[PDB]
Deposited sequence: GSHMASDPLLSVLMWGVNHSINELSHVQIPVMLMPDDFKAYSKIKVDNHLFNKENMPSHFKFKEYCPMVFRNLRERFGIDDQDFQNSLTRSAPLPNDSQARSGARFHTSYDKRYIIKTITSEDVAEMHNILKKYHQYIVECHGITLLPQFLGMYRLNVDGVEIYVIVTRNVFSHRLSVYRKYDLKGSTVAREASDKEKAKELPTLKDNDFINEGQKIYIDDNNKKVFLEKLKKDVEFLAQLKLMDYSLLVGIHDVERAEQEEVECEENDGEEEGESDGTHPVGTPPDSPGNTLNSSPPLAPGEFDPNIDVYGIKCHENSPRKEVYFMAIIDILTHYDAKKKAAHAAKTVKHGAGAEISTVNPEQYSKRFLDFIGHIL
């Protein structure tokens, strides 16, 4: 139906098949971070039912994102399947300026970004990759899995693919987006009316939300969060959130258990939790008085407070 979506599927499929024939070395070279592949298709009086007649697809830094996908435990054939076997679905939460889709198997998020975001991604990509190498892919940062430019009849859009913070199986009933902002930050009364609303710093403090995780999990989490946010501060990045999803095992009734190699952000509640819960927490949205260094401290203070 959506031709821009059909071009994405076609292009991801094309991209992965091309790479399937490439010898993948253990290392990237500097030029890999400046590389791209472009395809321009023109069908005249042919194949009108499946594809736009005229479209372009561009993949940025194919070798870098192939390297990242493997580092994040993602097999190319699986990634291809998740994005092409059936169409991605549009989804509830957003902030248009921006359209979100989820892969059909709920493993990946596809976000539409600006050309300025693309330029910033290129700017930080090497440092990001080096950070991912240093931590062996154990991080709360968004996992950037692919970045693309699509052209269909006058319309150009840029797309980034990331890992879903939430489980691909275990449904989430409650969702928070936290910054630790000194300035008052709350969901509006029209916002709370949403089905799965994106609640914020005030809603969390207001409704006395607690997260019941044991001491070891909390320390591990916060240690990771500390390194990640300092890296972000170092890059002068800000306006990022901690996304928090809560799975209620009671409401849902593998009976409340998750695959930690797929749902990488999952943390089980401790044994004395008022309710059987699984949390899914990760950093999102990194690409944009309040300065990065301060923002970094504010964010970390608040998160340590709420755990």
query	finding
Unmodelled intervals of the deposited chain, in order	1-5, 103, 260-299, 335-358
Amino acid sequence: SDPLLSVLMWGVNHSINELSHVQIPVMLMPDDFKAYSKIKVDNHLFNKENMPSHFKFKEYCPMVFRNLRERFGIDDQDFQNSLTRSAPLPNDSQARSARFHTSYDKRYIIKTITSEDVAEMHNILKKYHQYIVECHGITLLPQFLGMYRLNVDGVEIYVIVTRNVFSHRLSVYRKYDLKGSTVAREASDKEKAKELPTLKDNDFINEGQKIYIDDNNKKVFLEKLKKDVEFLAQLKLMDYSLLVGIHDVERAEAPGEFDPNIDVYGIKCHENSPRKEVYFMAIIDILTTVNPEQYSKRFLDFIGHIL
From here on, numbers count along this sequence of modelled residues.
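So that the term is clear: the rigid core is the largest set of C-alpha atoms that superpose within 1.5 Å between two forms.
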query	finding
Positional deviation of Cα atoms in 7 other deposited structures of this protein after core superposition, greater for 192-200 or 102-110	192-200
Segment of greater CA departure in 7 other deposited structures of this protein, 218-226 or 181-189, core superposed	181-189
Residue 254 coordinate gap across at least a third of other entries	yes
No coordinates for residue 120 in a third or more of the other PDB entries	no
260-268 set against 36-44, stretch whose average Cα temperature factor tops the other in the entry	260-268
293-301 versus 20-28 - greater average Cα B-factor per the deposited record	293-301
Residue of maximum C-alpha B factor among 167, 130, 182, 77, per deposited coordinates	182
Candidate set 123, 91, 103, 81 [ranked by C-alpha B-factor, highest]	91
Chain thirds of CA B-factor: placement of residue 67	lowest
Residue 306 by Cα B-factor - lowest, middle or highest third of the modelled chain	highest
Third of the chain, ranked by Cα B-factor, where residue 49 sits	highest
Third of chain Cα B-factors occupied by residue 213	middle
Third of chain Cα B-factors occupied by residue 149	lowest
